[PDB]
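**Student:** One structure is given below, represented as structure tokens, and several questions about it will come after.
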Amino acid sequence: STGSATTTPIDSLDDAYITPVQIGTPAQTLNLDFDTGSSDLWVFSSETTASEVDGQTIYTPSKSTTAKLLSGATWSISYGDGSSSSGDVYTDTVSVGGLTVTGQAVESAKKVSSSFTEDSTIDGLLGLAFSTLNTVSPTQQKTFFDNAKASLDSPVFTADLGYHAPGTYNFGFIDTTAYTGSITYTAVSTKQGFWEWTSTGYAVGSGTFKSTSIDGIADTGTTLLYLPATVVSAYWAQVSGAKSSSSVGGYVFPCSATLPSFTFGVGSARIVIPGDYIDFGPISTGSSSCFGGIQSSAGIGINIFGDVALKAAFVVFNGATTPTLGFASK
């Protein structure tokens with residue numbers, strides 16, 4: 001089997017992407033944030049504290065003839081950005097782009113943190129990291145991909161995120177029309193539960209490539225590109241007036257600037273992030289200070305190849321017995 005679904009930016013900055021997902025019978029369609037950095041499929045629901053729902057579409061398990069309470073199971077997750085959610089668990093039928101999993105764990109939120117409430121466009125998350133990170137207790141549950149994998153034509157999914165435009169998540173096949181040149185594959189460590197890999201280096205603008213190993217995670221659920229402070233400083237040094245602002249919480253730059261590109265290595269291959277992808281707009285409405293899309297990972301404890309990086313590529317998440325990651329230009 002295969003599936004193919006369009007993923008759409010939630011706003012004009014590509015702060016996140018939402019993908020429609022069918023849950024239950026009859027289908028209830030929710031727009032979920034597909035997150036290769038976590039492993040829970042959780043939704044706003046009829047059980048979510050009412051004051052914490054503000055415009056989201058909810059899953060109502062009592063209206064699904066295939067929903068079953070997973071007795072005694074609870075979940076609770078905290079994300080790298082400080083947000084969190086928790087609740088109980090149903091199993092139900094979940095379909096993405098024509099690909100159907102029966103008995104998928106659907107984690108129903110009883111509580112969500114303010115940042116989730118405040119984002120009316122995201123109805124929940126669909127985790128695509130390794131199932132070892134799934135938070136369901138006392139019986140850990142599998143991700144949608146893990147459940148689908150054996151049925152797929154090939155045990156892969158691909159992320160093709162757009163810049164200021166829709167893109168695609170495919171399951172079970174590689175669309176050879178969706179990228180240019182070749183896909184370069186690179187080793188993955190699953191030791192921390194992530195799609196963790198090592199970039200071979202970077203360049204700033206038309207500058208020379210610096211060969212250096214950068215371990216990090218391919219994370220569709222993180223907006224920005226978080227890299228070591230040395231790398232980030234080298235980038236922003238090429239933008240007149242750019243500075244790190246502790247008050248704002250990262251590098252900012254004059255909105256009048258033209259940003260240089262940023263290149264990262266995948267083996268001997270190179271992915272070029274155009275400068276415009278690194279512009280996240282005014283820090284507050286009407287400001288001429290703009291927020292940068294490349295930020296330091298210092299104090300995160302891990303480098304993160306988030307959407308800023310991934311949307312410059314066609315990315316293969318290869319879930320073979322030994323997983324790997326593939327990157328192509330597009």
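Labeling convention for the structure tokens: chains A, B, ... as they appear, residues from 1 per chain, ligands from 1 in order of appearance.
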Using only C-alpha atoms, which residues of stretch 121-157 of chain A come within 12 Å of stretch 94-103 of chain A, and what is the closest atom pair for each, with the distance in Å to one decimal? Give it as a tab-separated table, sorted by chain and residue number.

**Tutor:**
```
residue	atom	partner	partner_atom	distance
A:126	CA	A:96	CA	10.4
A:141	CA	A:103	CA	10.4
A:142	CA	A:103	CA	10.1
A:143	CA	A:101	CA	10.2
A:144	CA	A:101	CA	7.1
A:145	CA	A:101	CA	9.0
A:146	CA	A:101	CA	10.0
A:147	CA	A:101	CA	6.7
A:148	CA	A:101	CA	6.1
A:149	CA	A:101	CA	9.8
A:150	CA	A:101	CA	10.9
A:151	CA	A:101	CA	9.4
A:152	CA	A:99	CA	8.8
A:153	CA	A:99	CA	11.2
A:157	CA	A:99	CA	11.7
```

**Student:** So which residues touch stretch 280-284 of chain A within 12 Å, counting only C-alpha atoms, skipping near sequence neighbours fewer than 3 positions away, as a PyMOL selection string?

**Tutor:** chain A and resi 11-15+163-164+223-225+245+247-257+259+275-277+287-295+307-308

**Student:** Can you work out which one of A:112, A:305, A:260, A:154 has the shortest atom-to-atom distance to residue A:52, counting only C-alpha atoms?

**Tutor:** A:112

**Student:** Kindly indicate which residue among A:179, A:185, A:202, A:34 lies nearest to residue A:329, using only C-alpha atoms for the distances.

**Tutor:**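 Ranked by minimum distance to residue A:329, first place goes to A:179.
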
**Student:** Could you give me, as an mmCIF file with N, CA and C atoms, in the first residue's frame, the residues within 9 Å of residue A:221, counting only C-alpha atoms and dropping anything in the same chain fewer than 3 positions from it?

**Tutor:**
```
data_model
loop_
_atom_site.group_PDB
_atom_site.id
_atom_site.type_symbol
_atom_site.label_atom_id
_atom_site.label_comp_id
_atom_site.auth_asym_id
_atom_site.auth_seq_id
_atom_site.Cartn_x
_atom_site.Cartn_y
_atom_site.Cartn_z
ATOM 1 N N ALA A 16 4.593 26.212 10.864
ATOM 2 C CA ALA A 16 4.389 24.776 10.953
ATOM 3 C C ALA A 16 3.554 24.383 9.756
ATOM 4 N N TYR A 17 3.387 23.080 9.570
ATOM 5 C CA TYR A 17 2.607 22.537 8.473
ATOM 6 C C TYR A 17 1.554 21.590 9.013
ATOM 7 N N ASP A 33 -0.126 18.142 12.882
ATOM 8 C CA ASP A 33 1.253 18.557 12.651
ATOM 9 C C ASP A 33 2.116 17.296 12.654
ATOM 10 N N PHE A 34 2.563 16.873 11.469
ATOM 11 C CA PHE A 34 3.400 15.686 11.340
ATOM 12 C C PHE A 34 4.795 16.008 11.855
ATOM 13 N N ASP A 35 5.230 15.266 12.866
ATOM 14 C CA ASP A 35 6.398 15.630 13.655
ATOM 15 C C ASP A 35 7.395 14.476 13.717
ATOM 16 N N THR A 36 8.441 14.532 12.897
ATOM 17 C CA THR A 36 9.478 13.494 12.919
ATOM 18 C C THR A 36 10.387 13.561 14.148
ATOM 19 N N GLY A 37 10.140 14.523 15.042
ATOM 20 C CA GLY A 37 10.845 14.613 16.302
ATOM 21 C C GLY A 37 10.096 14.105 17.523
ATOM 22 N N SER A 38 8.926 13.498 17.342
ATOM 23 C CA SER A 38 8.210 12.892 18.459
ATOM 24 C C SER A 38 7.412 11.702 17.964
ATOM 25 N N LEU A 125 -0.944 16.435 16.930
ATOM 26 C CA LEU A 125 0.336 16.039 16.347
ATOM 27 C C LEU A 125 0.262 14.589 15.897
ATOM 28 N N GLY A 127 3.153 11.888 15.422
ATOM 29 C CA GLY A 127 4.570 11.636 15.590
ATOM 30 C C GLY A 127 5.119 10.609 14.622
ATOM 31 N N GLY A 306 15.405 21.532 11.423
ATOM 32 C CA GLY A 306 13.978 21.762 11.347
ATOM 33 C C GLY A 306 13.529 22.198 9.966
ATOM 34 N N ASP A 307 12.317 22.738 9.897
ATOM 35 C CA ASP A 307 11.695 23.013 8.614
ATOM 36 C C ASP A 307 12.536 23.899 7.697
#
```

**Student:** Would you work out the distance separating atom CA of residue A:62 from atom CA of residue A:114, expressed in Å to one decimal?

**Tutor:**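 Between atom CA of residue A:62 and atom CA of residue A:114 the gap works out to 25.9 Å.
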
**Student:** Excluding same-chain residues fewer than 6 positions from residue A:318, what lies within 6 Å of it counting only C-alpha atoms, as a VMD selection string?

**Tutor:** chain A and resid 156 324 to 325

**Student:** Would you write out those residues with N, CA and C atoms, as an mmCIF file, in the first residue's frame?

**Tutor:**
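Produced file again-v5.cif, reproduced below:
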```
data_model
loop_
_atom_site.group_PDB
_atom_site.id
_atom_site.type_symbol
_atom_site.label_atom_id
_atom_site.label_comp_id
_atom_site.auth_asym_id
_atom_site.auth_seq_id
_atom_site.Cartn_x
_atom_site.Cartn_y
_atom_site.Cartn_z
ATOM 1 N N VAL A 156 9.170 3.228 3.899
ATOM 2 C CA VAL A 156 9.684 4.588 3.848
ATOM 3 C C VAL A 156 8.543 5.584 3.932
ATOM 4 N N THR A 324 17.881 4.741 7.502
ATOM 5 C CA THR A 324 18.769 5.766 6.959
ATOM 6 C C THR A 324 17.933 6.982 6.574
ATOM 7 N N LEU A 325 18.607 8.086 6.262
ATOM 8 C CA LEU A 325 17.953 9.296 5.770
ATOM 9 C C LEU A 325 18.490 9.609 4.392
#
```

**Student:** Identify which of the residues A:84, A:4, A:319, A:136 lies closest to residue A:160, counting only C-alpha atoms when measuring atom-to-atom distances.

**Tutor:**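 Nearest candidate to residue A:160 out of A:84, A:4, A:319, A:136: A:4.
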
**Student:** Counting only C-alpha atoms, what is within 9 Å of stretch 42-46 of chain A, bar same-chain residues fewer than 2 positions away, as number ranges by chain?

**Tutor:** A: 30, 32, 40, 48-50, 53, 56-62, 85-87, 89, 105-112, 122-127

**Student:** Stretch 291-329 of chain A: which residues are helix (DSSP H, G or I) by DSSP, as a PyMOL selection string?

**Tutor:** chain A and resi 307-310

**Student:** What parts of stretch 93-137 of chain A does DSSP call strand (DSSP E)? I'd like the answer as a PyMOL selection string.

**Tutor:** chain A and resi 93-96+99-112+124-127
